[PDB]
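Data first, discussion second: the structure below is written as structure tokens.
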Amino acid sequence: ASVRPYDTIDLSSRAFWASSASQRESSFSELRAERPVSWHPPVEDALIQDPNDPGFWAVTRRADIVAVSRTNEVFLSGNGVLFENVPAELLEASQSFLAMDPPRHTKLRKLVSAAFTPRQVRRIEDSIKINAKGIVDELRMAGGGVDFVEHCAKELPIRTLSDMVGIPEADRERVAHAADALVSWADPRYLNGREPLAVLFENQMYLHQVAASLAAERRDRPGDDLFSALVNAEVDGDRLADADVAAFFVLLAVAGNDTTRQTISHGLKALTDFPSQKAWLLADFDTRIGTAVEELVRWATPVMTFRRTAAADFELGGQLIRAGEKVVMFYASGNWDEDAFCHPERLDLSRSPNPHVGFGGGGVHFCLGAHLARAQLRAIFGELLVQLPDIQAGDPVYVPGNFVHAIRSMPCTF
Ligand code: HEM
Ligand SMILES: CC(=O)/C=C/C=C(\C)CCC=C(C)C
């Protein structure tokens, strides 16, 4: 029946998700301490209001986030993974195997998983380094005071993504813009008065146009790339339908662009806010970039929320989650868990171990592009230190929303 008192702490209002991350942490802190698994009403003023939705369970502790992520046989992804209620047509055209359970998730992920192994990322790491060098070079020619997001943070992800999938150059900047749009539906500075559902469809429609054109191109002459193997594979005795192919292209475009782009912006600001941490990394880069990248991901946590649906009754945090109830993981709360980290509010690029859940709590849906993301962050931050040793981030403009911890724009000086 899902009938129980709602928690006192507000995790659903628009104003809560339009406030600073520090303000939200004071709410996450009390929950982590007193009621780590709490019941809340659905996200207010959602893209679609669902009378079938009684609420959700808030999972704030890192250990519990790992428990939900790894126990996928109980906490399913096949009934949706987004925190806010989103119209089904928009979900069906974007989620792909992210919102899928085995065995179908195992089938589809296997078709593209070969291009993300550490071996294959090492094979293409030089091209990422070459793109990072030219991007920082072009940023230097732009001069100080320019927007770091548009002139750097968004450039390396789309170049790395498009090089793997084979996106035509004329479509590269529009795909990056369309991918960023699909997580900015709560940003008035992005909508600019437009109703969000129409903006989401328009950008989804364009990405499906690029997907249909690339799928038809690769079915004629297949290549060694990621999209070639997907559109030419035989799944259950037949090639994948156009809807499945386009949905994965959206998933790949959004996850491959938005997450790394925000981590780069958050990383430059973190290096500016902690100069002694930047000097520590610079003093021995090749030996220390590994743990530094892991903490920059922990510091950014670009994916703030992902949800699951309980397949059966499950006891978590002293609370009996019922079958069919929504369970939301708050990765920013888990990465500030005092039960897991020593002073998580301070940037420590030497943090070891770093059991952060920036790539999720681990398990079946663990981030497909984790090795690729790490290679991008190592390359772009090494080039920013090679070419622009005095670079500093300005005032960031944070994007309101309950899904991605995003910076709309941020000037930089050097
Ligand atoms: C750089 C290129 C990236 C690509 C191509 C990529 C792609 C993907 C894909 C395809 C999935 C779905 C995997 C599945 O459902 O089995 C996924 C999951 C995920 N990704 Fe990534 N991603 C990238 C970077 C990142 C970064 C930098 C972060 C965070 C710092 C991130 C956070 C996540 C999270 C939280 C999940 C869900 C994990 C879970 O549900 O357990 N991604 N990614
Ligand atoms: C409105 C809309 O289309 C939402 C699309 C959301 C995704 C394609 C999920 C992206 C996956 C990540 C960021 C790990």
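The first residue in the sequence is number 1, and the count goes up from there. For the numbers below, each heavy atom of this structure counts, side chains included, while hydrogens, waters and symmetry mates do not. Whatever order the structure lists them in is the order used to number ligands and atoms, beginning at 1.
Shortest contact from atom 7 (C) of ligand 1 to any protein heavy atom: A255 CB, 3.6 Å. Protein heavy atom at the shortest distance from atom 1 (C) of ligand 2 is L182 O, 3.3 Å. The protein heavy-atom contact nearest to atom 18 (C) of ligand 1 is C367 CA, 3.6 Å. Among protein heavy atoms, atom 11 (C) of ligand 2 sits closest to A255 CB, 3.7 Å. For atom 31 (C) of ligand 1, the nearest non-hydrogen atom of the protein is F359 CD2, 3.7 Å. The protein non-hydrogen atom at the shortest distance from atom 25 (C) of ligand 1 is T259 OG1, 3.0 Å. When only non-hydrogen protein atoms are considered, atom 13 (C) of ligand 1 lies nearest to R109 NH1, 3.4 Å. Protein heavy atom in closest approach to atom 6 (C) of ligand 1: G369 N, 3.7 Å. Looking from atom 8 (C) of ligand 2 to the surrounding protein, the closest heavy atom is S94 O, 3.3 Å.
Using cut-offs of 30° and 60° for the angle between ring planes, the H177 and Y190 rings count as tilted. Using a 30° and 60° split on the angle between ring planes, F330 and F28 fall in the tilted class, from 30° to 60°. Between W17 and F83, the two ring planes are perpendicular [angle over 60°; tilted spans 30° to 60°].
Atoms of ligand 2 found under 4.0 Å from any heavy atom of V254 (numbered from 1 in listed order, with element): 8 (C), 10 (C). Near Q204, meaning under 4.0 Å from any of its heavy atoms, are these atoms of ligand 2: 2 (C), 3 (O). Under a 4.0 Å criterion applied to the non-hydrogen atoms of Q376, ligand 1 contributes the atoms 1 (C). Listed by atom number, the atoms of ligand 1 under 4.0 Å from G358 heavy atoms are 29 (C), 30 (C), 32 (C), 35 (C).
Between the OH atom of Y398 and the CZ atom of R189 there is a distance of 13.5 Å, given to the nearest 0.5 Å.
Here the side chain of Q262 pairs no donor or acceptor atom with the backbone of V404 at under 3.5 angstrom. The closest donor-acceptor contact from the side chain of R351 to the backbone of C342 lies under 3.5 Å. A donor-acceptor pair is defined here as one N or O able to donate and one able to accept, closer than 3.5 Å; no such pair exists between the side chain of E84 and the backbone of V43. Checking side-chain atoms of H105 against main-chain N and O of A99 turns up no donor-acceptor pair under 3.5 Å. Although no hydrogens or angles enter the test, the distance criterion places no donor-acceptor pair under 3.5 Å between the side chain of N131 and the main chain of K133. Judged by distance alone, the side chain of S184 and the main-chain N or O of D187 form no donor-acceptor pair under 3.5 Å. Looking at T71, its side chain never comes within 3.5 Å of a backbone N or O of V68 through a donor-acceptor pair.
On a distance-only criterion, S69 and ligand 1 share no N/O pair closer than 3.5 Å. Between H365 and ligand 1, at least one N/O pair is under 3.5 Å apart. The shortest N/O to N/O separation between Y331 and ligand 1 does not fall below 3.5 Å. Below 3.5 Å of separation, one finds no N or O of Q95 facing any N or O of ligand 2. Remark: ligand 1 and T260 share no N or O pair separated by less than 3.5 Å (distance only, no angle test).
Contacts with ligand 1 closer than 4.0 Å are made by no heavy atom of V81, backbone or side chain. At a 4.0 Å heavy-atom cut-off, ligand 1 touches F97 through backbone and side chain alike. Both the backbone and the side chain of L368 come within 4.0 Å of ligand 1, counting heavy atoms alone. By the criterion of a heavy-atom distance under 4.0 Å, neither the backbone nor the side chain of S96 is placed next to ligand 1. Residue contacts with ligand 1, taken as heavy atom pairs separated by less than 4.0 Å, involve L98 via backbone and side-chain atoms alike. At a heavy-atom cutoff of 4.0 Å, ligand 1 is contacted by the side chain of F306 but not by its backbone. Using a 4.0 Å cut-off between heavy atoms, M100 makes no contact with ligand 1 at all.
When only modelled atom types and interatomic distance are considered, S333 and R32 share a side-chain donor-acceptor pair under 3.5 Å. A donor-acceptor pair shorter than 3.5 Å can be found between the side chains of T301 and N335.
Taking the side chain to side chain donor-acceptor pair (under 3.5 Å) definition, one finds that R24 meets it with nothing, sequence neighbours left out.
At least one heavy atom of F116 sits less than 4.0 Å from an atom of ligand 1. Residue contact check for ligand 1: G363 places no non-hydrogen atom closer than 4.0 Å to it. Heavy-atom distances between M329 and ligand 1 stay at or above 4.0 Å for every pair. Contact between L98 and ligand 2 is present, with at least one heavy atom of the residue lying under 4.0 Å from the ligand. For the pair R308 and ligand 1, a heavy-atom separation below 4.0 Å is found.
Between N232 and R218, the shortest heavy-atom distance links the atoms ND2-O, 3.2 Å.
Taking the centre of each ring, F248 and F227 stay at or above the 6.0 Å mark.
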